[PDB]
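Data first, discussion second: the structure below is written as structure tokens.
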Amino acid sequence: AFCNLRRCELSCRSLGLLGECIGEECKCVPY
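Per PDB author numbering, the sequence shown starts with residue 1, numbered consecutively.
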């Protein structure tokens, strides 16, 4: 499976941030 970027985003949105995928995993970004 791919990284769930379309849900990673909604998760970082709860912190007021953007979401981003690196390799197979999720992080948040200041963008």
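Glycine residues also receive a C-beta, built at the ideal position from the N, C-alpha and C atoms.
Distance cut-off 8 Å: residue i Cβ against heavy atoms of the ligand ADP
i, result
"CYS26", "Absence of the ligand ADP is noted for the structure shown, with no ligands found whatsoever."
Exposure label - residue i; buried when at least 16 CB within 10 Å
i, result
"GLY16", "exposed"
"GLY19", "buried"
Top-ranked residue by Cα proximity to residue i, from the options
i, options, result
"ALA1", "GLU24, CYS28, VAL29 and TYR31", "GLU24"
Between the CA atoms of residue j and residue i - distance to the nearest angstrom
i, j, result
"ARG7", "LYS27", "11 Å"
"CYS3", "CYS21", "6 Å"
"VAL29", "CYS12", "8 Å"
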